[PDB]
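Novice: I would like to see how this sequence folds:
(one chain, ligands or ions: 2)
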Amino acid sequence: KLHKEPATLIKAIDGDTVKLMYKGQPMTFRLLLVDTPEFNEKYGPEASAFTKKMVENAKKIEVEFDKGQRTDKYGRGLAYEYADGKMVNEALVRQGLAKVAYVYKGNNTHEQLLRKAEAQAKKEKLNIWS
Ligand SMILES: Cc1cn([C@H]2C[C@H](OP(=O)(O)O)[C@@H](COP(=O)(O)O)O2)c(=O)[nH]c1=O
Ligand SMILES: [Ca+2]
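Specialist: Numbers count the residues shown, from 1 in each chain. Ligands and ions are numbered 1, 2, ... in the order given. The relevant structure is shown in the block below.
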């Protein structure tokens with residue numbers, strides 16, 4: 001059973017990275033289980049635009065750590081992000097703006113859910129699957 005924690009938006013960076021204030025400290029978060037294209041690659045600006053709009057227009061932003069590692073080798077926080085109850089990780093995957101990726105042992109609680117969303121976008125030929 002994972003628990004959602006409060007956080008405040010500092011700055012949207014790109015499709016799967018955002019700078020948030022967590023427990024009073026500035027911290028860069030990398031979204032769990034996803035991989036959006038870099039700004040330079042195809043659909044990159046769209047992914048960044050999608051995330052940016054989604055978090056900037058949210059009234060409440062929550063983070064949810066998984067069971068395994070909470071920080072990556074680059075010092076980034078690893079979590080599931082929620083914009084007014086809606087999981088940003090899943091939304092990106094549902095729109096075909098992100099691919100399910102970097103599935104490590106112990107940090108894959110929401111894996112099936114995201115795989116489900118991917119299969120839908122894949123069948124609908126959304127963005128990346130066009
Ligand atoms: C999503 C995720 C990424 N990472 C690391 C793997 C990648 O390192 P390597 O570059 O050394 O492969 C990097 C991918 O992040 P980005 O896609 O932001 O570049 O972040 C983790 O260690 N754990 C995770 O859960
Ligand atoms: Ca990426």
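Novice: how much space is there between the residue nearest to residue 27 when sequence neighbours are not counted and residue 129?
Specialist: Of all residues not flanking residue 27 in the chain, residue 77 sits nearest, at 5.2 Å (Cβ to Cβ, 6 or more residues apart in numbering). From N, CA and C alone the C-beta is placed, and that goes for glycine too. Applying Cβ to Cβ, to the nearest Å, the value for residue 77 to residue 129 is 29 Å.
Novice: These two: who's more crowded?
Specialist: residue 77 (20 against 12; other Cβ atoms under 10 Å).
Novice: For this structure, list the residues in contact with ligand 1, please.
Specialist: 17, 30, 32, 35, 72, 73, 78, 102, 104, 107 (Cβ under 6 Å from any ligand atom).
Novice: out of these, what pair is the most spread apart?
Specialist: Based on Cβ to Cβ, the longest span within the residues of the chain next to ligand 1 runs between 17 and 104 and measures 17.6 Å.
Novice: Could you check which of the two is surrounded by more residues?
Specialist: Ranked by neighbour count (other Cβ under 10 Å), residue 17 and residue 104 place residue 17 first, with 16 against 12.
Novice: so where do the helices sit in the protein?
Specialist: Per DSSP state H, the chain carries helices over the ranges 44-56, 88-94, 111-123.
Novice: out of those, deepest packed?
Specialist: helix 88-94 (a mean of 23; mean count of other Cβ atoms under 10 Å).
Novice: distance between stretch 55-73 and the chain's centre?
Specialist: Chain-centre distance of stretch 55-73: 8 Å, with Cα atoms, centre = their mean, to the nearest Å.
Novice: Return the distance of residue 3 relative to residue 32.
Specialist: From residue 3 to residue 32 the distance is 15 Å (Cβ to Cβ).
Novice: Check residue 67 too.
Specialist: 11 Å.
Novice: Which one's more surrounded, these two?
Specialist: Neighbour totals were compared for residue 67 and residue 32, and residue 32 leads with 26 against 11 (other Cβ under 10 Å).
Novice: any shared contact partners between residue 67 and residue 32?
Specialist: Listed as contacting both residue 67 and residue 32 by Cβ atoms under 8 Å, 6 or more residues apart in numbering are residue 107.
Novice: Much appreciated, bye for now.
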